[PDB]
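Next comes just one chain, in structure tokens: the form deposited in one PDB entry.
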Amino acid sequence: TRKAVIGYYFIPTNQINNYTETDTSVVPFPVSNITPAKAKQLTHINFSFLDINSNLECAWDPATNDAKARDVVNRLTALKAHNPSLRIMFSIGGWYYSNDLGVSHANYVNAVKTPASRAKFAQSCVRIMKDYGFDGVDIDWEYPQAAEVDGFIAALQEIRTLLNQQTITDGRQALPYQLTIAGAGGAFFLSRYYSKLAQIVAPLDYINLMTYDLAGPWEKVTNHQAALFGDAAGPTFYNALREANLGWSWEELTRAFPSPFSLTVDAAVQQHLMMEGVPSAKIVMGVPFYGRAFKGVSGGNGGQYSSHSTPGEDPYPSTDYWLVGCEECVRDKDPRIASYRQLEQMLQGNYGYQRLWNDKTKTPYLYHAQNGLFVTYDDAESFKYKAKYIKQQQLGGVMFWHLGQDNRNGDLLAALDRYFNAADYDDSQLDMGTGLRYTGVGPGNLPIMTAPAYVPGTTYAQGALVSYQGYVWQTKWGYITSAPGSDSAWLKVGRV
């Protein structure tokens, strides 16, 4: 099965209203920049962002010019002529709209609250999709909380029902309408809905893990924002998942959620695989096409794992644009975020940066010795290890944020497509390194084991192993006289 390659296309309302394909000063990345070659390297384009209005329906930003917006979407759907597998999705949400303190957060909470509101919202999604020519629905709520999860899920089920009907009605069996979400890529936000991952994923074609922004100005110590594996010299974090409303025992929580742990991409993938009902083929690994910049770092380790003096406020509170060489940061008035395209021209422009590599996290980073700057980002070389990981773990594919941040040649997108599909690329000997792996074990990734069948009437000692009702169980203490699952003495440790 061909791996998914899901690239976000984000364009602000202002850029839609003044859309042009001939002037980077108003629209830096028009649809024209997506050539036929790039469209063939993509499987999905997530147009972003749409929102949920106060009428609890999916809708565009009220300031959007509908005619210009329809034209941009048409420019995107025209790309399907170059790739009959391409889907133009649209995304509802994003951090700005849907975060706890975001402008529209209440609309997300209310839209999923009742059967009537969910049916009304679900219909609005399909309607938006058919009216504008999209190929599926992507929900990016960051993030539903525990009491909202069940309503959120019933909404996803309802959208799945109407999409499947719309697929049959439209004869789209060859390219069915799809439903996806962007999921959390770190344990803290994941813990909000972690216990109900199976029911969340069941109606989805993919869950796109936002396995980036694992470091940023909101953290006291600088770090890699999308490390694949852990670095023992780097910071560790409290495993919030051991506090999720799972209803598991102490042993189960401990074996599944070691704490502290390394906040890595591999961690977020394994934590999804630990739950029953979450198939690997539905997991998509997100990767960033941008870097995160810190100032005020110390020396001695290339800027890694150092305290810093980067403002953490949103938006950027000053007009001090201290990322040398990033005049795209001047345009956006924020020196903390730089696209891969900008970072490339910073490296080749003699600005004082060194490209260093951490062979444990398998990610690059830039260090500025003179002004004390640190940048964490990804490139075509980090994508080689992540692509092999995707294949080894039988994941659904890759997602990235976002297209407009690739270089003008599109090397990041091409690298991803190459690593999955190029007949002349062979990563069988690529060294995945000795960085720390996430070693938790849960109900969904229990190892295959063999054990004698349980015998009623037997008294088992501590550590005895038996097979029962499909699993291998182990006693946590001695003198066990009841059956596995009947008694808290038995721990599930193996499968089949």
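So that there is no doubt, residue numbering starts at 1 and follows the sequence shown.
In this entry, 293-301 shows the higher mean Cα temperature factor of the pair 293-301 and 202-210. Stretch comparison (44-52 versus 24-32) by mean CA B-factor in the PDB entry places 24-32 on top. Looking only at 243, 417, 140, 320, the residue with the top Cα B factor in the deposited structure is 320. In this entry, the residue among 180, 271, 382, 342 with the greatest C-alpha B factor is 342. Sort the modelled residues of the chain by CA B factor and residue 496 lands in the highest third. Among all modelled residues in this chain, the alpha-carbon of residue 220 has a temperature factor (C-alpha) in the highest third. Per the deposited record, the Cα B-factor of residue 370 falls in the highest third when ranked against the other modelled residues of its chain. In the PDB entry, a CA B factor belonging to the middle third of its chain's modelled residues is recorded for residue 411.
In this PDB entry, residue 80 carries a Cα temperature factor that places it within the middle third of its chain's modelled residues.
FYI, the form deposited in another entry isn't displayed, but the following is about it.
Checked against the rigid-part motion between the shown form and the other one, the candidate from 318, 35, 446, 402 that sits at the hinge is 446.
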